[PDB]
Structure formats: C-alpha cells, structure tokens
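This report concerns only the one structure given below.
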Protein chains: 4
Amino acid sequence: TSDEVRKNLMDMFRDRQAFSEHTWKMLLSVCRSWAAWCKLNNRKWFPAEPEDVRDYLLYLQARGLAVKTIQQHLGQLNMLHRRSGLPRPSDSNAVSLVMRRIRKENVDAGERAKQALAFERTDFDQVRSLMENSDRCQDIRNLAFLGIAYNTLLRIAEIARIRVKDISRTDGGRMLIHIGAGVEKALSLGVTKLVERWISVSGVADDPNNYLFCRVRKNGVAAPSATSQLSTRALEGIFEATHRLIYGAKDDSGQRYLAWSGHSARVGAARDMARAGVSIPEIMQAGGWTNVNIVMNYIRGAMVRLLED
Amino acid sequence: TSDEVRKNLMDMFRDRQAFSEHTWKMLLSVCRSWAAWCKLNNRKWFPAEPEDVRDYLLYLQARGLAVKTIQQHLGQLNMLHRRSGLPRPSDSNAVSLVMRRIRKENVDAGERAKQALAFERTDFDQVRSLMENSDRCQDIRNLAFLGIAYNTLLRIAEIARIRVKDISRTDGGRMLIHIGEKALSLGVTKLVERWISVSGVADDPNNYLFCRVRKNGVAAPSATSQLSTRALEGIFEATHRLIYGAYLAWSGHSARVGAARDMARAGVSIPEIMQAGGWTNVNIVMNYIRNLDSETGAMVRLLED
Amino acid sequence: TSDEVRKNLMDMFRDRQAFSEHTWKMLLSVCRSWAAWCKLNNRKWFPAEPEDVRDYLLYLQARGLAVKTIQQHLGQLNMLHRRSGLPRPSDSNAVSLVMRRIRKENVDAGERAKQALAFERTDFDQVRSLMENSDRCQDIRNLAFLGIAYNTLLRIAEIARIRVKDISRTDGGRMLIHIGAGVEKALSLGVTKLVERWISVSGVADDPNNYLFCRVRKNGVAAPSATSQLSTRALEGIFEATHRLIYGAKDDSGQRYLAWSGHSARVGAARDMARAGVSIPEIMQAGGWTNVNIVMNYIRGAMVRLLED
Amino acid sequence: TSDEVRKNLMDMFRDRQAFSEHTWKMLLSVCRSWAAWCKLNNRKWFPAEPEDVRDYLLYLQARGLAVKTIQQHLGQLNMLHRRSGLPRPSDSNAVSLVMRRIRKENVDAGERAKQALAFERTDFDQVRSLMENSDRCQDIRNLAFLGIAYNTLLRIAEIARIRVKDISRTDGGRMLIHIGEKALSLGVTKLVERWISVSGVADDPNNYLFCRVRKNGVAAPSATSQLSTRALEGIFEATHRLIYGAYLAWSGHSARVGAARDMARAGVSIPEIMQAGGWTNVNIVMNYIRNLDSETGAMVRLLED
DNA sequence: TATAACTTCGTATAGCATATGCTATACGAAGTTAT
DNA sequence: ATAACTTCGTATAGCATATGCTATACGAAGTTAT
DNA sequence: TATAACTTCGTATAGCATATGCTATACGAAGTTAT
DNA sequence: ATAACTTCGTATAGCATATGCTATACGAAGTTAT
C-alpha cells in the first residue's frame, strides 16, 4: 500500500471529529513517546516494526508504568496502523505475547488498578454541615456541585456540560436535569435548594443557554458563559479543596487518590446504595456503568457466623 | 454486469410486496432528494460514490436534520446499493467517518429527541366537561375517540381500522374491542355509544367505528374507506386549539403517553405499562414517565432519609 | 467447485451424527418435496436455481402451508448448499425478497402460529382426582408421567430419556431427577409418591440402567428396557387419552391442539407460575427457555380501573 | 516460509512467561500424546492434517475421555498451529464435524461432570471431635487446615501460600487473613493457634503457616518452600480414610462445596455465596447447592400449596 | 385369535442457543529425604 | 367560499430483528405379546 | 500590583459500549368533495 | 523399610475473556479580572 496509506491517514484527520478530543490527545501522545523511543534507538517509527514495538512495550514496563498504560500505547499504535491500511503491531506474535507476558508479571508481582477515594453520604453531610453557612459565592457553588455529583453520579465532564435550559422541574418542586434524547436526573429536595441557592447567587439563569457552573473570581463574582465551561480540571479542584478543607494537606508520597476526585461521588454513591439494599442493576444504571464488575470493585461473619453458633 | 444490477431492480420491483408502501415511499423519497442534490452539484447519483455521499450527508447536517433522519437517508442509499451488486456507501471509510462525526458533533450541539405532549386524565376530564353536553355530531365522535384512545392506549392506525363488529360486551355495559384485545371503562363505553347511534354505523357491522362528518353535522358511515390516521391526529390537534387556541399541541400518541404517566402515578408495574401500549425498550415507556416523581431514583430516595 | 462438492457432501454423511436425527429427517423431507416439485416442472433440483427456489416457495405458500413451514424448506435447502460448498438460495434477491414477501402477506392476512392447549394445575388436580383411584398399571404410569410433565416442564423427549439411575432423592424425601453435567429437577412430595407408586408397580428399578417410563401391554404388565424408550409419540398419547378421558372425542375439524400434547404441561405450568407471581426469568429457566417472548405468548382494568374511579 | 513458523516458535519460547507453567505442561502433554499417536499410526504430527486429527479425536473418544478433555486436546493442537502461520485443525470442516458429533454422541451416552464430595459442618464436627484431643503434631496441623478451608472457603494453592504474617487480629481473638481478605471464626481461630505453637512457625514471620511434618511428629517450618497443593489434598483424603477406611473421598475443594451448602440451608443470599469462594456462573454455586431442599423451585413450592 | 398399546414414518410447524482457552484442581504414582 | 377531509412528501420516533438447528404435532401404517 | 482561581497541556491510567432497518407516526400543505 | 512428602503426567473442572475508545488524575505552566 502506498499513496493509499497517505490517503487513509488523510481521511482520518479530515473527519477527525468522529473521535473524542481525548482519543486524539492520546494518539499524538503515545506517538511522541513511540517516536522518542525509536529515535533514541535508531529506528523507523512508522510503520512500526513488531520487534521494535515489543522492545518498546518492555521499555515502558521497565519504566514502571501501569499495565493499563502499556496497553494504551500498544492500542494507539494499533489504532494508527489499522486506520491507515497497514497491519497492526498486535498482529504479530512478538507484540501479542509480550503484552500478555507484561500483563502477567505485573499482576503476578501485585500491581493493581488504583481506586478513587469515596465521597459518601456522611462526607456530603459534613461538607454540607460546614459550608452550608457560607455566603461566599465560591462555597455556595462548590456545595451545590458536590451535591449534584453525589446525587446524580454524573461524570465531572457531564456536569460541566449542563446548561440552564437543560433544567426541568417536577411537580414535586424537585429539580431535574437532562444529560445529552438522553437521560433525566432528578435532584432531591435538599440538593435542589443547594443548586437553587447557587443559581440565585450567580445569575447564570440570566441566559438559558449559559452553563450552570461557571468560574467565580477572587472577588466573589460569577462569570457565566454559554460558550465556555468550567474546566473539568477545576471540577476536580472543588473535590480536592473540599477535602483539604476537612483533612488538610496531602502526604507528599505523590500517589493518586489521597484526596477526592472526579470518581469520588460516583464510587461513594455506589456504596451507600449498596449498604441501603439497592439492587445491583439499579446501581449500575444510575452510575451509567454497563458492567457489574465496575460497581462491584467500588463495593468491597458469613461463614464466621454459621460456625460461631 | 450491468445486467447483473438490472436483474436486481427487476427482482426488487417484482417482489415489492416484501415491503410496506410506507417503507417504499420513504425510499423513493430519499432517492428523490439525493438525485436532486446530485443534479444540482453535478455528481453521478447511481452508483453513489462515497465522497459524493459524504458530501451529501454533510449537506443534510446543515439542513438541520436530526441524526435519525440523516441515517434514514444514508440507510436507504445503503439498501438499494446492496440490493444491486454495488458496494454500500457505508462500506467506504469516508462515509463511515462522517456518519460518526455528524453524530457526536450533533449530540454535542444539543440533539434532543422530540417530546410528545401528553394527554392525561386531567386533560380528558377538561375536554369531557367542555363538550360533554354537546349535540354536534362531530364533538360526539371526537370525544368517543379521545376516549377509546386514552383507554385502549391503541395506536391511531389501529383505531382507524376498528369496525362495528370488533366490539364485544363484557361487564355492566362496557364493550370490548377485538384487535390486530381491548377493554373499555364504563365511562368511555357510555361515550362510544352516543357516537354509534347519532352516526348509525350500527346500521352495518362492516362499517368502521369511526367515520367522516361533513360540515353539516352529518356522518358518512362506511365499511370501504376508513378515517385517515391524519384525521385522527387532527382531532387531537383541534381539541387542543379548542382549549388553548392556535410537538406544541397533541398528536396521535399523546393519549398513549398520558395514560402511561397517569398510571405511573397511581404506581403501576412498569411491565404492566407494556400491556398498555404493547411496548419494548422498558426505557421508551421510561422516556415518557421519566420526569414523574415516583421515577426519581433510589438516590433521591436515600438522600431524603 | 466439483469433486469438492461431492466430497463436502461426503464428509457430512460420515459425521452425520453431529446433527440431530430430526435435522436429517427434515433435510431428506424437504429434499423430497423440492425434488418432487422440480420433477413435475422439468427442473434440476441440485444445485438449486434461485428463480426455481422462489417458484417453489410461492408454490408452498399457495399450497397453504405455514410461514414457519415455508421457512423450513428454504432453510434445509440453504443447509444443503452451504454444507456442500455452493452458494445458498437465500443468497439471491429473488429467494430472500420472496420469503419476506411471503411472510408479510400471510401475517398481513392474519395467519399466526398456533399455540398448544394448556394443561394447568387445575387440570392436573382433576386428572389426579380421577385416576388417583386406579390400580391399573397403565393409569398409575400415566398419572405419574403427567405429574412429572407438569412439575418439571421437561420436553416429552427429555422425560422419555430419564433413566432410573438418574434419580437422586433429597434430605426431604423429595425425588430428584438429572437431565443430561446437566440440570437437577426436584419433584414435590405429592408427585414423588405418584412416581414412587409407578416405580413399585412396574419394577423398572430392577435395573438402574432401565428407562423410568416403559410400555405397558394390554394385560397390565410393564415392559422395562434400558435400550429402548417409550416413543415420544406415546408420551403424546398419554396426553391425548387423558384429555379424551375427561372431555371426550375431538371435533373433526382436524386442527391441532384440540387436546393436550407435549407442550401442554410446559405452557400450563408457565401460567400458574405467572398468576402466582413467580418472576419471569424464574419461569424461563424452569421451562428451559432462553427468551422472554416464548414465556410471554404462553401467558396472555389496568386503565379500565383508573378511569372507573 | 518454514522460517516463518520457525520465527514463531522462537517468539513462543522467548515470551513463554506469557503463560502459566501449568498451561505449558498441559500443552507439552498434549503434543506428547498426539505425537505418540502419530508415530504409532504413521502420520505426520506437524503440521497436523485435519483427517489425521479427526482420527485422533475419534481415538480419544474411545479412550473414554470426557468432552472437556478431548476439547483440551483439540484446543492445544489449535493453539500452536495458530501461533505458527498454520491453519488450525478446527478450521477444517472434518474436525469441526467430529468435535460436534463426539459431543452429542457423548452426552447421549450419558456424560456427567464429576461431583465433588462435600465436606460440610457435620463432617467438620465429626473430625473435630475425633482428633480434637490429639497430641500428634500432624493431627493438630490437619485440623487447623480443615478449619481454615471450611471457614475461609479458600482454594488449596491459596492456603499453601499463607505465611505467618498474612494474619491480622480483629475480634475477641479470631485472626484475619490477608490474601491474593479472610476472617476466621473463633472456634477455628482457637485451632490455628495450637498448630502455630506446636510448630513454631511463629519463630519466623516469613515461614508459611502450613508446613511439613516428618514421620517423627516433628514440624519443619520454612519460608522458602511451601506445602504442595497435593499434600493439602492428601489431608482431605487421609482424613476421610480415617473415618470411612480405604470423587469417592474428599479433595482440595470439598470444603468449599460443603460451606456453600451448609450456608444455603441457613438460607443465604446466593450472591452472598459468591463472597464465599469468589465465584461467577451463579450456576456453578448452584451445581453445588442443587439437590438442596431450599433449591427445589417454585414449581415444588406451588404444588405443595 | 382379535386387540390393546405401541413403534415407526412422513409431512407440517413450533421453540431455542449462538464459545474457547487459560489456569486451577484431581488423583494415581513414580521419585526423594529424613526417620 | 369553506368545512372536513384525503393524499403527499419528508421528518423523525418505536419496535424487533437472522440463522441455523432441533424438537413437537398427529394421522396413519406396521408390529407384538397377549 | 500581587493573586486568587482558573485554563490549558502533557503524561499516566481508569471505565465502557459493542446496530440497523423496517414501519409507524408527525405535521405542513397541496388536493378534493359535498355543503 | 517407610512415613510424609514432592514432582510428574494427564484428566477434567471453574472462571473471565478482546477491542476500540473515551474519560478521569494531577502537577505544572500560562492567563485575567481584580
């Protein structure tokens, strides 16, 4: 294949918006490291040579990256090749076996996927109990955001996307939110008030095409916008700040999940629903998950009872 | 091999009973619109070249059409090309890409499905009261229809097909409706009679239940032709314009949506709402009863003690 | 393809036991009618010509056969072609469209799949209430068979296959039966006695490798066998006889399902479990069904209540 | 292209860590048995010709082997042929046919999976009583094991891996077990101690919990080598031969099966029996608790009023 | 014997399961080391 | 003219799906200890 | 101004959905028939 | 010799799986009304 490859590649970039901005972000990323690696070793980065890719994967493993990370590089590589006509590195025994070997040894050595710290009902009550009394715009928002996070289990990006017009109400007085027909998420009577209070303190409702959450400057003034949203990077800040607020500084180990993050309310809610007897699938749906293992990991005497009697 | 596709269009025309007239019309409709776009932009419409179709699809997106619509177009174009030894345009990667992009792009722009305006018990009551004591042969027809609809939760094409004999009786007076069965409440059953008499469709069991009513308050019963579905739709619309003046009004399925909801509030086994309008996608029925208060979720339930 | 076809066909017959005896039975059957038809019309039955197959399908339709029957012929034909190398008639627009057209017109004309007459709990109680008092071997068996049919919902062929050795018991005294590891079916206390009574009146237990149900001659003497079983044709007789016993002769319309048959206990049990509130999947499993529609067809005021108040 | 497959066997050997030693042994095992059959019947074993393999599979069926076993054979043969530019034998239609026939044929003949002899509370009690007051260093070990097993519902390879420090304490005395966590009852926790002392594995936290016990009632604690799984299996067997004399006895997973059952009788959330032995196939756990009386079914329930 | 009670047989038509391998345990049994 | 539809064209929402088998349904004809 | 409170950016790593068409209804609106 | 294993070979039972994406995690660097 020749001009074909250059053309197949050319078609991709044209309709690049068929993929998520993050897929592109990662593609380019993995490519930079793949090329960097090839460079430092006198090798042709495209098309990728199986034996080269193998060496590369073993190099990342050796760099101590996570199995799911190594899987990513291999994947983007595979994406770049399929999408362009040529055969994928995963097509060769060398890459395929080494991947599985890399997976096996890491797991065998104890490496496991890190889980997020939960932001449960209790945590919400405490946070609420504390910030409930603030007049600060910053706080009224943060409290309203955490409430929505918890109540709905919506990904931070989904919350950051919410538009005022997307806010229906129910005959109960209970707020409702549409996530793109899509899905309707109903807030409790208590959270609806939290959101009501932030809506009335920022004046985001001054334009139904405005995003519900917006930045709030140091002088306690909201900056609504219908074109730009609050960075999910910031929604993550609200989670981290609120945690510092209560538990202070993060131990300098550098590890992940030493404070709340995007997942926190989701994983936390899954547990409360569990302890409360909710049905597993009930849980699944709410969290938008498709599988039973994701919800299960999040939740973790039987025999010790039978015996003792 | 041009004889190859020729033979196929003959095949297609010979066994056209393999598809619904409806389905066909949509097809001719797509070929019509596509062909025109092709003429206007000097491109060969048949066989449709991928790059040409991709351009077309990008065009429809600008037309402002929904994804389900643009896919209708891509879909029909895909049908005949397959029902001819030709490669379907979705089998090109350029079209696969645009269809994928067009989607995300559109959802991001804020793509929302249409919402049917519900016709709940509350509205039925208000309409009943308003034209309950009316003599206009039409009003009587219109109410008995609004009744059959909200009660049977039947589809309009189905109600238009009802004849004088699909009816059976069973309890206290109320009738039953054979179908392609249904039970009517007593309140509505009392309605579907006043219409039957002051219409005289009873005069012939072959005659359809619902029929035309010329401007003279005079019904034209018949067993040959039946009230168009669009006409039944007009009863829903009209009735609305009657109460609120000129998916903003009511349509053929406002009664189905309204019944599910009213039931959902008296709390009803969700699958028991499938009996209602013969449904699937336990979700579609949800997409109706979503903003209900009993459908708030365990989270709401948990949070409020 | 040439000798290849003759070889592919030759491989099939060699390992013909890879298919059910019924599949073979039908293949040969459909082939006889296909050839008969081709013959009467001066045509080559193999390989089959699409336009010929179309004519054939329209001929069966015109003969008034059931859509599912016409689907069968088309299917066996397709089986014979794929399995032998050549392309299947369903591969041509003519066959494919005509099938769908045939399906459409029949259904549009009202033709629908006939369902079996149910043999429910009440029916069982009555039958039991009547035959309970017989000493006749014939009856003690028939009653024990109907009981198993109802209690377990096992296909008649599965019952006819049951071997004495396949009969475990529970700590309750309740009989248990294994259907080939497989599946265990537990009989109630009442049915276990019925089966106990037939086991003790025939002496089938004189050899664990014997089939539970066996023929019983006119002189009330069981004929156990571990090699031969009671024909499912007979298990169907037990169902028909018991019905005649209670409702007398079948109206000479000739139609199917004017008396109980193999399905009867299955379809009947599905209903009782329904009316009793059993879960849909619960039902499914017991009947061995994989789908929700099969169990639903078997079971068939909402709004009439809301309105009337 | 013989270099093509050569490169592949090099690939396979280089990254052999991609598979478990166990998995490999089974493979060498299959190649061993196959190769021999090939030599004996003068057929080329590599690449394996379909007709040759079909004959082989038909041979194994006569050997009396189970379908899961014959498929093991067909499976491994399929693996290397794919991990070499060669066509897998299952990719022939002759082998596909026999594998299919062999199946039905075998199920018809009466193919039943093996049944694990359960080690229930009743048996644990009987064994406890019998060697509760014994001094033999082994007996103490054996009981503490039978305890850990029925209590933790752990797999044998997992119990063999237990060290002196995976243990944690939590309530009244009972210990906890870190794992690849577990909680022990008080009764068993009292047992797992007598073993720890009269063994002195405590002397070193690296030492494994369970260890060898030479014929002199003398334990050989160690943190380098661990008790083989087979040894743990022997404790289950021996203990049985002790009570009933010489799937007839108990095996490495009789304790797991027994615990599920005993629990199932005290009625236990079926998924809550997955906590027990980390299970899936809600059915496998069923295939254990099947002949239980609470697992009779709604039919039984309905029939008995 | 005539006959119940089947079995077998062919055409019509209804009711389903859609996987495979990697890795663990099974269990007789040859191999090994310290009593 | 105009009420009251019907027919049109095209938008878009709501329902199951396809094979490839394997098994029952039932009248009739053949079989065997009585 | 210094600065809160972000936004953007790149590498690391966790969490999912896997369809498409046939046929019905939608709804403005041109076409038709009897008042 | 023999108890008590360990190592072997091969039978057979019990557990999740593979892509192809798309999204969060978080330190750090760049940006803007205060």
Side-chain angles (χ1 to χ4, degrees), chain A residues 19-20 22-23 29 65-66 68-69 72 75 79 113 155-157 215-219 231-234 236 256 261-263 289-291 294, chain B residues 19-20 22-23 25-26 29 65-66 68-69 72 75 79 113-114 155-157 212-216 228-231 233 251-253 279-281 284, chain C residues 19-20 22-23 29 65-66 68-69 72 75 79 113 155-157 215-219 231-234 236 256 261-263 289-291 294, chain D residues 19-20 22-23 25-26 29 65-66 68-69 72 75 79 113-114 155-157 212-216 228-231 233 251-253 279-281 284:
Chain A
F19 306 92
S20 145
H22 290 119
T23 296
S29 183
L65 306 180
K68 262 234 117 217
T69 305
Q72 242 286 331
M79 151 123 155
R155 268 143 230 137
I156 48 183
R215 44 193 321 183
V216 166
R217 336 264 339 196
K218 63 172 175 169
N219 67 295
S231 80
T232 48
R233 183 51 185 97
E236 286 171 307
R256 298 215 173 157
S261 45
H263 289 133
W289 301 287
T290 32
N291 148 60
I294 337 144
Chain B
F19 301 101
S20 264
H22 267 316
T23 324
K25 301 317 144 229
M26 290 298 342
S29 183
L65 310 174
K68 234 286 213 270
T69 287
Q72 138 85 11
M79 188 224 159
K114 263 178 134 159
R155 272 167 332 137
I156 52 189
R212 262 231 234 205
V213 179
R214 306 281 188 344
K215 50 196 267 145
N216 58 170
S228 71
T229 53
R230 176 116 205 41
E233 274 166 340
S251 36
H253 77 320
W279 258 306
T280 294
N281 329 14
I284 264 308
Chain C
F19 306 92
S20 145
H22 290 119
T23 296
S29 183
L65 306 180
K68 262 234 117 217
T69 305
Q72 242 286 331
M79 151 123 155
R155 268 143 230 137
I156 48 183
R215 44 193 321 183
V216 166
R217 336 264 339 196
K218 63 172 175 169
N219 67 295
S231 80
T232 48
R233 183 51 185 97
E236 286 171 307
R256 298 215 173 157
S261 45
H263 289 133
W289 301 287
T290 32
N291 148 60
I294 337 144
Chain D
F19 301 101
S20 264
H22 267 316
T23 324
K25 301 317 144 229
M26 290 298 342
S29 183
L65 310 174
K68 234 286 213 270
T69 287
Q72 138 85 11
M79 188 224 159
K114 263 178 134 159
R155 272 167 332 137
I156 52 189
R212 262 231 234 205
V213 179
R214 306 281 188 344
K215 50 196 267 145
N216 58 170
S228 71
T229 53
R230 176 116 205 41
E233 274 166 340
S251 36
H253 77 320
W279 258 306
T280 294
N281 329 14
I284 264 308

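Every chain is numbered from 1, with letters handed out A, B, ... down the list of sequences. Any value given below was found using the heavy atoms of this structure, including those in side chains, with hydrogens, waters and symmetry copies removed.
Here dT18(G) and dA19(G) show unstacked bases; the six-membered rings are not both centred less than 5.5 angstrom apart and angled under 30°. Neighbouring residues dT11(E) and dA12(E) meet the stacking criterion, with the centres of their six-membered base rings under 5.5 Å apart and the ring planes within 30° of each other.
Residues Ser29(A) and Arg155(B) both approach DNA chain G. Their nearest nucleotides, taken by heavy-atom distance, put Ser29(A) toward the 5′ side. Projected onto DNA chain H by closest heavy-atom contact, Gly262(A) and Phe19(A) fall at different nucleotides, the more 5' of which corresponds to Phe19(A). Annotation: of the two residues near DNA chain H, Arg214(D) and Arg230(D), the 5′-most nearest-nucleotide partner is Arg214(D). In this structure, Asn219(A) and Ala66(A) both approach DNA chain G, and ranking their closest nucleotides by distance from the 5' end singles out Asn219(A).
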Dot-bracket assigned to DNA chain G with the 3.5 Å Watson-Crick/G-U criterion, [ ] for crossing and | for other-strand pairs, is .|||.||||||||||||||.|||||||||||||||

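Using a 4.0 Å heavy-atom criterion, one finds that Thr280(D) contacts the sugar-phosphate atoms exclusively. At a threshold of 4.0 angstrom between heavy atoms, the contacts of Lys68(C) include nucleobase atoms, whether or not backbone atoms are also involved. In this structure, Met26(B) reaches the bases: a heavy-atom distance under 4.0 Å links it to at least one base atom across the strands shown. Note on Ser261(C): only backbone sugar-phosphate atoms sit closer than 4.0 angstrom, heavy atoms only; bases stay farther off. Backbone-only contact: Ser20(C) has heavy atoms under 4.0 Å from sugar-phosphate atoms and none from a base. Nucleic acid contact class of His22(C) (heavy atoms, under 4.0 Å, all strands): base.
Between the CZ atom in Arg155(D) and the OG1 atom in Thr229(D) there is a gap of 10.5 Å [rounded to 0.5 Å]. Within the model, atoms CZ of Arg256(C) and NE2 of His263(C) stand 10.0 Å from one another, a figure rounded to the nearest 0.5 Å.
When the side chain to side chain donor-acceptor pair (under 3.5 Å) test is applied to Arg215(C), no partner is found at least two apart in sequence or on another chain. Applying the side-chain contact (heavy atoms from CB on, under 4.5 Å) criterion to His22(A), with sequence neighbours excluded, gives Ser20(A), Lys25(A). Partners of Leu65(B) by side-chain contact (heavy atoms from CB on, under 4.5 Å), not counting sequence neighbours, listed by chain and number: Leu60(B), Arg63(B), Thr69(B), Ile70(B). Partners of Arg233(A) according to the side-chain contact (heavy atoms from CB on, under 4.5 Å) rule, which considers only residues two or more places apart in sequence or in another chain, are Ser231(A), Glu236(A).
For DNA chain H, the contact window with chain A, defined by any atom under 4.0 Å from a protein heavy atom, covers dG20(H) to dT34(H) in 5' to 3' order.
With P as the reference atom, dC22(E) and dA16(H) are 16 Å apart, rounded to whole Å. Of the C1' atoms belonging to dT20(G) and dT12(F), the separation is 15 Å, rounded to the nearest Å.
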